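Have a look at the structure below before the remarks.
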Amino acid sequence: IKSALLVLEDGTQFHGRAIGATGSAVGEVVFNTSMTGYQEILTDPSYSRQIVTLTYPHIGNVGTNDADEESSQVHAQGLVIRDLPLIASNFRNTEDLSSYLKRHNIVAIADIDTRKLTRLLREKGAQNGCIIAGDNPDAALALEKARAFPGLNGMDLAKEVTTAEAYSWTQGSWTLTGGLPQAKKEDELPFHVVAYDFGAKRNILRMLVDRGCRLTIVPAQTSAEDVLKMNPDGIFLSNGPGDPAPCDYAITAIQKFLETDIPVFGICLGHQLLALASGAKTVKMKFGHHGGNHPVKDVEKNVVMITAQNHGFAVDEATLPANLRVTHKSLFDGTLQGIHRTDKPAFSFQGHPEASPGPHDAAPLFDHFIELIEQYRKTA
Amino acid sequence: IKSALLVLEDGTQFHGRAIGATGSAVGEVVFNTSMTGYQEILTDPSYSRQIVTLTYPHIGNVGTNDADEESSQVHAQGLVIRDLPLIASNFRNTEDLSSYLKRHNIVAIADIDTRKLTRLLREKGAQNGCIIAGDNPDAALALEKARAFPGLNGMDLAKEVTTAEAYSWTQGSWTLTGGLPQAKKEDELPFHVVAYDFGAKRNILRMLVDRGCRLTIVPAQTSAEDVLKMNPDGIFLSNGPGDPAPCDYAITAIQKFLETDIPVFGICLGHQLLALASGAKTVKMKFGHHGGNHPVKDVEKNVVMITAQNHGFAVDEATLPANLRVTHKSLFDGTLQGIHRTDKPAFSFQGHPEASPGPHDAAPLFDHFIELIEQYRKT
Amino acid sequence: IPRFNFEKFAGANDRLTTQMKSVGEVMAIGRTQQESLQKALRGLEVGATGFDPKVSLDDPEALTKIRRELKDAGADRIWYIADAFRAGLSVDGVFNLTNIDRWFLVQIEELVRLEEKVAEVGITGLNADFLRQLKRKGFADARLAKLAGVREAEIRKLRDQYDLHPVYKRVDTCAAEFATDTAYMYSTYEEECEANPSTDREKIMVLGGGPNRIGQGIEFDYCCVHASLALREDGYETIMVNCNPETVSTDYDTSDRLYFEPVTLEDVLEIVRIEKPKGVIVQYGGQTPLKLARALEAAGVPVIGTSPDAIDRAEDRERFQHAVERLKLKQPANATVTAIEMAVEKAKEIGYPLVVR
Amino acid sequence: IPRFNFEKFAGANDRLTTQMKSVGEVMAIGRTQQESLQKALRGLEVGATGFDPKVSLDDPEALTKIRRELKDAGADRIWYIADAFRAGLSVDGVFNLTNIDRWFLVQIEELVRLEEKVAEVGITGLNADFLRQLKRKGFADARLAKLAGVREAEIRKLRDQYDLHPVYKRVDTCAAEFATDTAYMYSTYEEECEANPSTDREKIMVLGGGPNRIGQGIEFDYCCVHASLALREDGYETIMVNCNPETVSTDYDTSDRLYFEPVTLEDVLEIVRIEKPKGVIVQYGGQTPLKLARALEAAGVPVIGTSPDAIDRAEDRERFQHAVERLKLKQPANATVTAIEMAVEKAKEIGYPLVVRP
Ligand SMILES: NC(=O)CC[C@H](N)C(=O)O
Ligand SMILES: NC(=O)CC[C@H](N)C(=O)O
Ligand SMILES: [Cl-]
Ligand SMILES: [Cl-]
Ligand SMILES: [Cl-]
Ligand SMILES: [Cl-]
Ligand SMILES: [K+]
Ligand SMILES: [K+]
Ligand SMILES: [K+]
């Protein structure tokens, strides 16, 4: 008997068992439908301050491994599951899930009616909650903590996870045969790109490098003046947690780039800022998009792609400026997923083209950027 | 590989495997010959600031259980052993040894030649050492850490482990059938003993209660007058870590009680303090007595008792004041183990009457205290 | 879980290979692998209530037989896996023989251990915290009952005591991200119930035949489907109970409510409990539901059409002879003989050739 | 470990019960249970080198035989336990059948897995670290050799390449709390050596016979004790090697230095390596030492007394025949027959009644 408890703002109780660190966890509770990629899910910075619920009952079946880490740490505040398997069984495993959880100090709860919870959040929308893992968790206390939580609306979390200093990135993508490759020599990669670190995922970088791009990761608050001084062949805006609204420096820096002919490409939060910096407005979804079976139409080509999604905010297309075209849309709810600049060489995707985890369906989006960039150096 | 390293002041290195928390531990290295009682030993406050080496190769065969905890915590700075068995195998086990050490954040090492360690400590005397359990343990640093340790000599550890406030203790001894008993109601217990917490073992307390003694546990520095105010039937001087010599507040309080007719019995540290109070001198032993097979003779009755011992300092007999009579002596080395004030109701024993772990042979010692107490009240 | 019919093919090689030999299949849905796997075994219609022992704990030769069964798989290997755990084989040993991933194997082993506990404590040891545990792992009342030394009904009666009844969740293709208007459900021991039974319509339940097997084919399903279609057309709310994934009976458009469940006394009673139907048809699904007739009625279910008693009079040899005789009709000469010697005699009587059942 | 002799009592019930059926016992000392136990197995004098297999893995019927031996213990249960682990049974399975505390069982399972590793990696895979860890768990060079498909000598040699040799610790009644002036030692794979062999004396080693068995009793031990008593009295430094806990030969008073160890070639060589005796007596302890004689001298050991070749000349059927003829002495008519038919004829020729040796 190793108790755990989940209490939401509405004071909904979920009694189960502890499977991770001992203590307390607080954040916005979300549900994710991905049947695969839970480690990647947990190491995604975008999960900052939110307590992740996995709809797929068996979580941890393949254990864990390093190559499957999206960031340096476990960004989720918590983890709620239906069932932790007795064992991990996969040749890639290096450590079971409970173990890993403890190692990262993650409070985690299992054996709870994750469906009922999913249905609540669906119908009722995003709730704040708290997990209390311990000997005699106090309901009333967790509830109190649940309610005390400020909430993600209006919360700049990107500054909370960005890098302190700028680093170079030259590492390609993993392979079954070779695992994670050795970073390249800058003498190897042809294009140079700046990447604002709003809480970036390794996969983006890797996929970028795969394309022949030498990256320069900068902190979230870097000035445009400063960036422009690097003579970028392109500028990349990363994914990240919290509200994108509150990130004044970004919009600024972005607006500043737009003034220019350099190609901008944003993903998830990067997409939101690009919108914000273009005149657009952002909104906070009732429940958001968390899963890897999300259908997104390319209005232009009338094509459909299965995508990986992780957002609790979106851009209003009603708020779109005539200089910002609509390129992608969600077939699940009609929500906006891509926009391009009529005037500029800037584009952005709400979904995760780098996936990890999920369908490789949206990958060609990086192809546009490179195009832009090749073009820039032709003319430039 | 989970690496661990043990380095002694002299630069001797012992390469092993980590079995407890990741990190560093520093202290005085001692060896203990007890073939059973490892958990009790670990939780004995007297081991504060010491790295405990166990000579019996297989440590952890029966796992751990809360009833076998001699205090609230694991007081040993580290544990050095030869082999950590694959499993715990005993109906009383609630948690494997390695798990428990981690829980308690004890840096611990296994798989080393503890016999070689023992022979060195025996031959050259106690040494300070450092255990570094981690990825790539730095031997130069462990040697530096080992050498920077100030040593137990001149170190009052009693004040370090004592209780902050005074509490009441009315729980007795465990039983196989019963287990640990519920604590008693003061009325059930005829005597009030004020026991100075110099880092006292749960077992002594229990044994007193068993003997019908309600107890009031007082902090180490409590004043004689503050105690007297409790109208004690008897006063008890607990066992405890470090040098007794520097515990002036103790000596002091004691000498005061020694102006009175109040019965006083100390154990271990308590024993050394009672002697210092009486004017005798203490010494730091070459390696000390740590084990559960130590033969002690009752010089009076000329009988031998097998005892549990845990002390690294001793009372010098040649500095005995004529008011202190030698009651016990060690059959291994001739060292002093017991004393009785010729003029007062004050006696003490060097070994451990409450055992835990070890032979129950010295238990009869408590009877003589209780007998003095009865006397006292009789009158 | 596939359905086999090897006993009907005595001279056949009964070892599983690349050429299919199964005649049908069963499907189950559970919130967890163990629950799903156990519901399937009990829906299989082979007389199993879960992991019923195949070999005796005291047979000295048992490990030998188990080993053979695991190494060169037959239709009953699933049962032997369990027996192998009860007999002392480790997960590694079972894997080496079977090549079945340990992720699955360890789950079966834990089910065995829990069975061991039940056997130990018995009924008196069936607290509610533990009965729930057992239910949540997919344990059948009939299985526990065997283990505990009692009757299935005792187990069920017990479950009521503790208000230990399953809840029903719905299939939605989306993991609850989107609501559903469809009533395609599966039982589970969870918190929220999504069954939300109607109270305004007259309901009629149709019991399917579980997996197909020789003699219990699609002809039965066709009738169940027809029962549902006609009654629905007529305005009754139709509830289908079945677990054969190959048929039209388990297609969600065939009925108003589909419960994709094992066709057992247990599972059916839990549905009736909440649905409270006007009638239950047990005559269109073959042997499976026919056999449940009498106990469903005993249990208070509103069984329509020919009565369980009427069915028994047909189904029971003597009863029916009695009926023929009453009707003064003609049947071939028969006799019931226990022993050989008696047979040879009754036989001289009856007259060859004969039909020996 | 007890020593049995059921083969000599072909019709007896061989199941162990409350009435003793053993004829002797061996004892071993190790720094850990595993080492202790493997060393006892190797000095039991039953041809074992540790947990040698009793049953093949390829036998469909193996588990049935296995289960039986576990459930109704005979003299071979110790080997059947490992056989069990090798065939997939678990610790709880074995416990259930045997009632032996799991504390011991898990150690045996761990040793089987390590064996499987040797089998897989082969000799090439036997690096210093691995080999040392194996030596520490008590594995014999011979057992390791069978596992990696090589000769014992190769494993031993490898150990030399790696300077992997045991150390000797002393028995002292006090876990080293007090010094000892007695040389009562056991081998272990540890860091410090307490052997401290003298270099001012002429040493004579006497090898004992292990545990007693029918035909190898106290009579040899007596001879053993006498060699030590006599030679020490003469001024020699006497060293006894033996592991029977019942005899006078294993009383520390009997010799100058007692090595309580398995009387095996490996164990004896290790002692010889550090003692450098002037001479080794192999003729007084019975069959045990007699059989190591040839390999000992062939290993550089100073075997004294009747040579291993002369011994063989005597023990050898045909070599001896020759001797007897050369000496022109009388010997019963004999014939070595491979097959039956030949038997009957050769037999016609030798003259009944006959004595048929197996
Ligand atoms: N269970 C039901 O009655 C369905 C209710 C609702 N349509 C939902 O999907 O939440
Ligand atoms: N091993 C020996 O040579 C014994 C030396 C010494 N007497 C000791 O006990 O340390
Ligand atoms: Cl819940
Ligand atoms: Cl060492
Ligand atoms: Cl229970
Ligand atoms: Cl290795
Ligand atoms: K629960
Ligand atoms: K070592
Ligand atoms: K030496």
Side-chain angles (χ1 to χ4, degrees), chain B residues 1 6 12-17 30-35 53-63 81-91 93 96-97 110-124 285-295 309 330-333, chain D residues 28-37 85 90-92 94-95 98-114 127-130 132-133 135-138 166-180 185-196:
Chain B
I1 293 132
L6 166 76
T12 310
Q13 305 172 20
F14 299 85
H15 294 278
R17 160 173 98 86
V30 298
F31 75 81
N32 189 303
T33 73
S34 317
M35 296 194 297
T53 311
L54 295 170
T55 65
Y56 184 64
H58 293 289
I59 301 298
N61 300 347
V62 301
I81 79 193
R82 168 67 179 74
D83 186 76
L84 169 84
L86 310 162
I87 69 175
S89 186
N90 185 278
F91 80 101
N93 168 50
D96 77 278
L97 190 57
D111 306 345
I112 61 108
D113 197 338
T114 57
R115 171 142 176 115
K116 159 179 191 190
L117 171 52
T118 294
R119 291 178 76 241
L120 173 65
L121 295 178
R122 175 200 75 218
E123 283 310 296
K124 287 184 148 194
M285 308 175 81
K286 177 181 177 203
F287 63 83
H289 295 164
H290 314 92
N293 69 349
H294 202 125
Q309 291 293 321
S330 149
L331 252 31
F332 270 167
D333 64 16
Chain D
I29 302 165
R31 286 271 290 156
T32 55
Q33 176 75 78
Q34 284 159 324
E35 182 170 54
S36 193
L37 169 67
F85 290 139
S90 76
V91 169
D92 283 354
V94 174
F95 172 85
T98 71
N99 301 119
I100 296 174
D101 203 274
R102 299 159 175 98
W103 184 87
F104 301 102
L105 292 184
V106 299
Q107 302 185 57
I108 299 172
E109 183 178 30
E110 164 176 56
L111 302 172
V112 166
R113 310 279 94 100
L114 284 172
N127 55 75
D129 293 335
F130 188 34
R132 162 169 336 96
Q133 170 201 29
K135 293 311 289 188
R136 275 160 71 81
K137 298 271 183 192
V167 290
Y168 297 87
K169 304 292 200 192
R170 291 189 188 196
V171 164
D172 58 21
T173 73
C174 60
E177 187 163 11
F178 306 97
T180 176
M185 304 160 285
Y186 64 95
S187 56
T188 188
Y189 273 82
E190 234 165 337
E191 199 68 10
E192 179 169 76
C193 195
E194 314 184 0
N196 298 329

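Just so it is clear: chains get the letters A, B, ... in the order the sequence lines come, proteins before strands, and each one is counted from 1.
When each of D:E177, D:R102, D:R136 is scored by its heavy-atom pairs under 4.5 Å with chain B, the top score falls to D:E177. Contact count against chain D (heavy-atom pairs under 4.5 Å) is highest for B:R82 among B:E123, B:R82, B:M35, B:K116. Highest contact tally toward chain D, considering only B:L121, B:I87, B:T33, is held by B:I87 [criterion: heavy-atom pairs under 4.5 Å].
The 12-atom threshold is exceeded at CZ of B:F332, counting heavy atoms of other residues, nucleotides or ligands nearer than 6.0 Å. Enclosure of atom NZ in B:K286 by more than 12 non-hydrogen atoms of other residues, nucleotides or ligands within 6.0 angstrom is indicated.
In this structure, no portion of B:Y56 lies under 4.5 Å from any heavy atom of chain D. In this structure, chain D has a heavy atom under 4.5 Å from the side chain of B:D83, while its backbone stays farther away. Neither the backbone nor the side chain of B:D333 comes within less than 4.5 Å of any heavy atom of chain D. Heavy atoms of D:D172 lying under 4.5 Å from chain B belong exclusively to its side chain. Contact of B:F287 with chain D is made through the side chain alone, with heavy-atom distances under 4.5 Å. Contact annotation for D:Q33: both backbone and side-chain heavy atoms come within less than 4.5 Å of a heavy atom of chain B.
B:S89 and D:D101 form a side-chain donor-acceptor contact under 3.5 Å, judged by distance and modelled atom types alone.
Pairing each heavy atom of B:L86 with each of D:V106, the nearest pair is CD1-O, 3.7 Å. Residues D:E190 and B:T114 share a closest heavy-atom pair of OE2-N, 4.1 Å. Minimum interatomic distance between B:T55 and D:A175 (heavy atoms only, all atoms of both residues): OG1-CB, 3.5 Å. The two residues D:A176 and B:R122 have their closest heavy-atom pair at O-NH1, 2.9 Å.
Under a 3.5 Å cut-off, the side chain of B:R115 and the backbone N or O of D:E191 do not form any donor-acceptor pair.
At a threshold of 4.5 Å between non-hydrogen side-chain atoms, the residues D:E192 and B:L117 do not count as touching.
Between B:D113 and D:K169 there is a salt bridge, since a side-chain N of the basic residue sits under 4.0 Å from a carboxylate O of the acidic one.
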